[PDB]
Amino acid sequence: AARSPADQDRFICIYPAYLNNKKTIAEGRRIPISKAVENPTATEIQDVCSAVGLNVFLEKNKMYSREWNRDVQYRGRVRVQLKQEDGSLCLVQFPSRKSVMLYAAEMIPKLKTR
RNA sequence: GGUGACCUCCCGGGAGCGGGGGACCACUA
Ligand SMILES: [Mg+2]
Ligand SMILES: [Mg+2]
């Protein structure tokens with residue numbers, strides 16, 4: 001099958017819960033509370049990531065397994081390409097999933113819309 | 001020493017996740 005890091009099925013995943021400052025680690029938060037943000041949405045994540053030059057796409061209706069509430073506000077997952085077909089980084093600034101999460105968390109509060 | 005809450009950091013992974021170091025509290029010979 002098509003399994004290089006440039007194939008969409010191998011893009012990394014970011015769910016809103018990973019950056020939410022009101023969730024515990026058990027609930028899915030992946031970055032420190034100090035750096036996390038309030039109520040991040042998948043759309044805001046897509047926007048800040050796309051703005052910095054990352055190839056990303058939004059799956060608006062995918063839901064996070066640790067979240068029992070299926071309402072639209074809890075939905076959305078962003079897929080991010082980290083590496084090229086040959087395995088090298090798309091952007092030196094983003095060597096990892098963590099690097100992308102911290103970046104989005106940093107930018108989202110700066111959205112004119114917030 | 002065990003087990004759990006919660007926090008922090010590291011490694012791995014396309015998800016669900018996997019592997020660890022350290023805090024702090026709880027219950028506990
Ligand atoms: Mg730990
Ligand atoms: Mg882990």
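Numbered from 1 within each chain, the chains take letters A, B, ... in sequence-line order.
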Chemist: Taking any strand in view, what nucleotide pairs with B:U3 in a Watson-Crick or G-U wobble way, both distances under 3.5 Å?
Modeler: B:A26

Chemist: Between B:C27 and B:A5, how far apart are the two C1' atoms, rounded to whole Å?
Modeler: 11 Å

Chemist: Does either side chain, that of A:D7 or that of A:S4, offer a donor lying less than 3.5 Å from an acceptor on the other one?
Modeler: yes

Chemist: Nucleotide range of RNA chain B contacted by chain A, 5' to 3', under 4.0 Å to a heavy atom?
Modeler: B:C6 to B:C17

Chemist: Let's test this: given Watson-Crick or G-U wobble pairing with both distances under 3.5 Å, identify the partner of B:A15.
Modeler: none

Chemist: Starting at the 5' end of RNA chain B and moving along, which residue's nearest nucleotide shows up first, A:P32 or A:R77?
Modeler: A:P32

Chemist: Could you tell me whether A:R66 and A:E27 make a salt bridge, using a distance below 4.0 angstrom between a side-chain N and a carboxylate O?
Modeler: no

Chemist: Without hydrogens or angle criteria, can the side chains of A:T43 and A:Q46 be said to hold a donor-acceptor pair below 3.5 Å?
Modeler: no

Chemist: Using a strict cut-off of less than 4.0 Å between a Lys/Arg side-chain nitrogen and an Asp/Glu carboxylate oxygen, indicate whether A:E67 and A:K23 qualify as a salt bridge.
Modeler: yes

Chemist: Considering only the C1' atoms, how many Å lie between B:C25 and B:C7, rounded to the nearest integer?
Modeler: 10 Å

Chemist: Could you tell me how far B:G13 sits from B:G18 if I compare only their P atoms? Round to whole Å.
Modeler: 16 Å

Chemist: Distance check, P atoms only: B:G19 and B:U3, in whole angstrom units.
Modeler: 14 Å

Chemist: Minimum heavy-atom separation for A:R29 and A:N20, please, with both atom names.
Modeler: CD-O, 3.4 Å

Chemist: Give one of base, sugar-phosphate or nothing for A:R3, where a contact means two heavy atoms less than 4.0 Å apart.
Modeler: nothing

Chemist: For A:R10 and for A:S34, find the nucleotide of RNA chain B with the closest heavy atom, then tell me which residue's nucleotide is more 5'.
Modeler: A:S34

Chemist: Can you tell me how far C1' in B:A23 sits from the matching atom in B:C9, rounded to whole Å?
Modeler: 10 Å

Chemist: Taking the P atom of each, how far is B:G21 from B:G2, in whole Å?
Modeler: 11 Å

Chemist: Just call it for A:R29: base, sugar-phosphate, or nothing, with non-hydrogen atoms closer than 4.0 Å on any strand.
Modeler: sugar-phosphate

Chemist: Is there a side-chain contact between A:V52 and A:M107 in this structure, where contact means two heavy atoms from C-beta onward sitting under 4.5 Å apart?
Modeler: no

Chemist: When rounded to the nearest Å, what value does the distance between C1' atoms of B:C24 and B:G4 take?
Modeler: 13 Å

Chemist: What's A:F57 touching, base or sugar-phosphate or nothing? Going by heavy atoms closer than 4.0 Å.
Modeler: nothing

Chemist: Can you label the angle between the A:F57 ring and the A:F11 ring as parallel, tilted or perpendicular, going by 30° and 60°?
Modeler: tilted

Chemist: Suppose you measure atom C1' in B:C17 against the same atom in B:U28; what distance do you get, rounded to whole Å?
Modeler: 31 Å

